[PDB]
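Shown next: coords16.txt, containing compact mmCIF, C-alpha atoms.
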# COMPACT_ATOMS: atom_id res chain seq x y z
CA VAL S 4 83.62 109.51 93.43
CA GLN S 5 83.80 105.82 94.59
CA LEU S 6 83.14 102.43 92.90
CA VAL S 7 82.94 99.81 95.71
CA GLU S 8 82.97 96.09 94.69
CA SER S 9 81.62 93.14 96.80
CA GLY S 10 80.67 89.42 96.50
CA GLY S 11 83.83 87.68 95.20
CA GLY S 12 85.26 84.38 96.56
CA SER S 13 85.90 80.66 95.77
CA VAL S 14 83.24 78.27 94.29
CA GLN S 15 83.03 74.84 92.54
CA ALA S 16 82.69 74.63 88.68
CA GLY S 17 78.91 74.74 87.84
CA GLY S 18 78.09 77.01 90.84
CA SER S 19 76.84 80.60 91.22
CA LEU S 20 78.39 83.94 92.49
CA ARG S 21 76.91 87.53 92.52
CA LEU S 22 79.26 90.59 92.36
CA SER S 23 77.87 94.07 93.28
CA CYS S 24 79.24 97.61 92.57
CA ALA S 25 77.98 100.64 94.60
CA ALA S 26 78.60 103.90 92.58
CA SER S 27 78.73 107.15 94.65
CA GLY S 28 79.14 110.58 93.04
CA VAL S 29 78.75 109.58 89.34
CA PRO S 30 76.17 111.56 87.32
CA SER S 31 73.26 109.46 85.91
CA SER S 32 72.71 111.53 82.68
CA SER S 33 73.46 108.50 80.47
CA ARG S 34 75.87 106.57 82.68
CA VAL S 35 77.22 103.23 81.39
CA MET S 36 78.53 100.73 84.00
CA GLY S 37 80.15 97.33 83.35
CA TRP S 38 82.57 94.59 84.52
CA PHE S 39 86.06 93.69 83.16
CA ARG S 40 88.26 90.80 84.42
CA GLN S 41 91.96 89.85 84.33
CA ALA S 42 93.48 86.41 84.92
CA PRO S 43 97.13 86.25 86.13
CA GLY S 44 99.61 87.17 83.31
CA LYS S 45 96.67 87.81 80.90
CA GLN S 46 95.19 91.05 79.37
CA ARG S 47 92.19 92.71 81.10
CA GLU S 48 89.12 91.75 78.95
CA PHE S 49 85.55 93.13 78.82
CA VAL S 50 82.82 90.91 80.41
CA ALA S 51 79.47 92.80 80.38
CA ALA S 52 77.92 96.34 80.43
CA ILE S 53 74.54 98.12 81.03
CA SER S 54 73.39 101.59 79.93
CA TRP S 55 71.94 103.04 83.22
CA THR S 56 70.02 105.45 80.90
CA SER S 57 67.54 102.58 80.09
CA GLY S 58 68.73 99.14 81.23
CA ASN S 59 70.08 97.76 77.89
CA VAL S 60 72.72 95.03 78.30
CA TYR S 61 75.70 93.50 76.37
CA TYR S 62 77.95 90.46 77.01
CA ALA S 63 81.23 88.97 75.74
CA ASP S 64 80.47 85.71 73.78
CA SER S 65 82.40 83.68 76.44
CA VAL S 66 79.86 84.79 79.11
CA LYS S 67 76.62 85.20 77.02
CA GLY S 68 73.94 82.75 78.26
CA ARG S 69 75.73 82.18 81.63
CA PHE S 70 76.07 85.69 83.28
CA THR S 71 73.32 88.33 83.89
CA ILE S 72 74.13 92.06 84.56
CA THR S 73 71.46 94.20 86.34
CA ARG S 74 71.09 97.74 87.75
CA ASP S 75 69.23 98.94 90.86
CA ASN S 76 68.78 102.63 89.92
CA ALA S 77 67.58 103.91 93.37
CA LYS S 78 70.56 102.18 95.18
CA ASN S 79 73.16 103.24 92.50
CA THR S 80 74.30 99.58 92.61
CA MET S 81 74.96 97.23 89.62
CA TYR S 82 75.08 93.39 89.86
CA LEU S 83 76.72 90.54 87.85
CA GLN S 84 75.00 87.22 88.65
CA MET S 85 77.58 84.57 87.49
CA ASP S 86 75.94 81.12 86.88
CA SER S 87 77.24 77.80 85.39
CA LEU S 88 80.79 78.94 86.38
CA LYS S 89 83.92 77.35 84.77
CA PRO S 90 87.60 77.38 85.86
CA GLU S 91 88.34 79.81 82.92
CA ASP S 92 86.19 82.47 84.77
CA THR S 93 88.90 82.59 87.55
CA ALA S 94 90.09 86.27 87.61
CA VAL S 95 90.10 89.68 89.39
CA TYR S 96 86.84 91.40 88.28
CA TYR S 97 86.94 95.24 88.11
CA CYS S 98 83.89 97.57 88.03
CA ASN S 99 83.83 100.51 85.55
CA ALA S 100 81.59 103.59 84.99
CA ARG S 101 81.91 105.89 81.98
CA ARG S 102 79.97 108.41 79.85
CA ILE S 103 80.72 109.25 76.20
CA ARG S 104 79.14 112.55 74.97
CA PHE S 105 80.37 113.64 71.49
CA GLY S 106 82.62 110.57 71.00
CA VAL S 107 84.54 112.20 73.92
CA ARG S 108 84.92 109.90 76.94
CA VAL S 109 83.96 112.46 79.65
CA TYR S 110 84.71 110.24 82.70
CA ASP S 111 86.05 106.74 83.40
CA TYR S 112 86.15 105.39 86.96
CA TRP S 113 87.33 101.84 88.03
CA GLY S 114 87.01 99.93 91.35
CA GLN S 115 90.00 98.19 93.00
CA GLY S 116 88.92 94.67 91.80
CA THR S 117 87.51 91.58 93.65
CA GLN S 118 88.95 88.00 93.25
CA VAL S 119 86.65 85.27 91.80
CA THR S 120 88.10 81.67 92.04
CA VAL S 121 86.30 78.70 90.28
CA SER S 122 87.92 75.25 91.07
CA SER S 123 87.54 71.92 89.12
Can you give me the file's structure in the form of C-alpha cells?
Amino acid sequence: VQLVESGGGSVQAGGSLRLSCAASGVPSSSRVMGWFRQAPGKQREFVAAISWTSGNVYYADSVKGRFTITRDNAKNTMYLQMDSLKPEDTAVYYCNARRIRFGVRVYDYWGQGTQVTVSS
C-alpha cells in the first residue's frame, strides 16, 4: 500500500494551490480519504475528508468556503484545491485513507506529508 502526495510549495496570501494523493493497494469498499495538516510546534489537525463510497465531503470550519476536496475514482487520486490562502494555512499536509466497519477502524494509512507555505 502507498499514499503518494504532490503539489505543495510557496504562494502569496490570496493565491491558489492544488495537492493530490495517489492511493495504490487500498480497497474501495467504502474507503474514506482526507487531508490533515501540522504547523511547526502545533498539533496535527483535520482539514477535509471524502467518502470514496459516494463522493460526500466535510471540512473544518477554518477551511469551509475556501478549500474543495475531490476524488477521481478511476485514477485512485484525491485532490485538495486550496483557494483564498492565508498565512495560517502554512503547514505540512498529510494524506490519510481509512475504513471503519463495525466501529472498528480496519485500516489507516498516511502519506509522508508535503510542505505548503503561504507568505504575507
Which residue of S:78, S:108, S:102, S:89 approaches residue 122 in chain S most closely, using all atoms listed in the file: S:89
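Going from CA of residue 103 in chain S over to CA of residue 10 in chain S, you cover 28.4 Å.
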Kindly provide, as a list in words, the polymer residues lying within 6 Å of (90.2, 84.8, 96.1), counting all atoms listed in the file and using the coordinates exactly as they appear in the file. residues 12, 13, 118, 119 and 120 of chain S
Given the selection you just returned, output its residues as a file containing C-alpha atoms, formatted as a compact mmCIF listing (two decimals), keeping the file's coordinate frame.
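Result went into result_27.txt, see below:
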# COMPACT_ATOMS: atom_id res chain seq x y z
CA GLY S 12 85.26 84.38 96.56
CA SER S 13 85.90 80.66 95.77
CA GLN S 118 88.95 88.00 93.25
CA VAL S 119 86.65 85.27 91.80
CA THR S 120 88.10 81.67 92.04
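Of note, CA of residue 34 in chain S and CA of residue 55 in chain S are spaced 5.3 Å apart.
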Which residue of S:109, S:94, S:83, S:88 approaches residue 21 in chain S most closely, using only C-alpha atoms: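 With only C-alpha atoms as the atom set, the closest residue is S:83.
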Given all atoms listed in the file as the basis, pick out the residue of S:14, S:52, S:25, S:20 nearest to residue 80 in chain S.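 Of S:14, S:52, S:25, S:20, the one nearest residue 80 in chain S, counting all atoms listed in the file, is S:25.
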Which is closer to residue 35 in chain S than all the others in S:121, S:107, S:53, S:77, using only C-alpha atoms?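 Result for the nearest residue to residue 35 in chain S: S:53.
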